[PDB]
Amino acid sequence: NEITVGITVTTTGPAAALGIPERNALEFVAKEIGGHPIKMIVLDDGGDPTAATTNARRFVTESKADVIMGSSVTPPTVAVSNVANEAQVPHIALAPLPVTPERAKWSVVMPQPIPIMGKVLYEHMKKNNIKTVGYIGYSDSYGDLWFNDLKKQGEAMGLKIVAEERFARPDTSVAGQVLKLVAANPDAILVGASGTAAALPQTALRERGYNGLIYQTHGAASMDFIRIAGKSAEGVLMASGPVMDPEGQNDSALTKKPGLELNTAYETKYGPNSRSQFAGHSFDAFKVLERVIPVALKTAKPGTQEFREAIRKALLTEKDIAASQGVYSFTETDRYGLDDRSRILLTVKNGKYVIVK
């Protein structure tokens, strides 16, 4: 009578810094929901889309999963969503992705959508005298989501995009891209990357004498960024989920209690400042399950296709789902389901994250 949840995340390779906290956070989620035990099957995919496809396929067929979850970065998350939408199994994505008609029916997304994160960054650029903006980001759909958003929102707000450079996830140098960005000398540069890679343009730009403002995505929101960037991290502007600072929230924020619950558990085990954007997502996915499971049980039983459907329909009917990273209300067309309560703006002062109000 167990409910089966298959989870594929990235605990090896360049994106381990994202998947490791995601896996680690599972220690702190409910393993009994709606009066049923939860059976979790957790597999590494190394960030590889083929491996992620394979993991997801096996969860849905061999493990007869009721829900599948993952992956840690966009390319394998697209792969998982494609399996979910063909096999007709609810999928909770732990990385942002382009939600096309192919993907929208069966996938919902825990991380904040790019445009919400972009808007807070671009409003800061406007307030801080920025006229020209350069971009460096992955040469894949994550880097595309961010560049497209920068151009679309940015130009509408009167910013001028003056350079675009890309680099691949495994790359350890961005020398050629930085040379071009430095020569263009934009007032600000947006880095579209994540984890350890996000710190690569941060250090390379400062080392080459760039003095403009540097903006980072929510893909950079863990202590790994400050560890790796060092002094180059100072003064960065970074979009983040609210889980990075539940202490600072008003008691009236529905995200405060779940943020405090997660962070107290996580930091007790893993040490000071070990909170992350990413631990927030897997923890939140279970907050979502705690709302939708008891609703699905009213009409269906675990291990059937009807239960998959009932969960999918509950995702549409259950509104205002409180979690550490925001308050979720999904629709047929909005698979992120988040608003302004799902983001804050961080900077780094003396090796510590601080909120910019």
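The numbering used is simple: start at 1 and walk along the sequence shown.
For the two regions 224-232 and 119-127, the entry's Cα B-factors average higher over 224-232.
Per the PDB record, of the two stretches 284-292 and 55-63, 55-63 carries the greater mean B-factor over its C-alpha atoms.
When the C-alpha B factors of 258, 113, 158, 219 are read from the deposited coordinates, the top value falls at 158.
Of the candidates 246, 143, 76, 272, the one whose C-alpha carries the top B factor in the deposited record is 272. Among all modelled residues in this chain, the alpha-carbon of residue 25 has a temperature factor (C-alpha) in the lowest third. Placement of the Cα temperature factor of residue 102 within the chain: middle third of the modelled residues, per the deposited record. Residue 36 sits in the middle third of its chain by CA B factor, as recorded in the PDB entry. Sorting the modelled residues of the chain by their CA temperature factor places residue 313 in the middle third. The entry lists a Cα temperature factor for residue 192 that places it in the lowest third of the chain's modelled residues.
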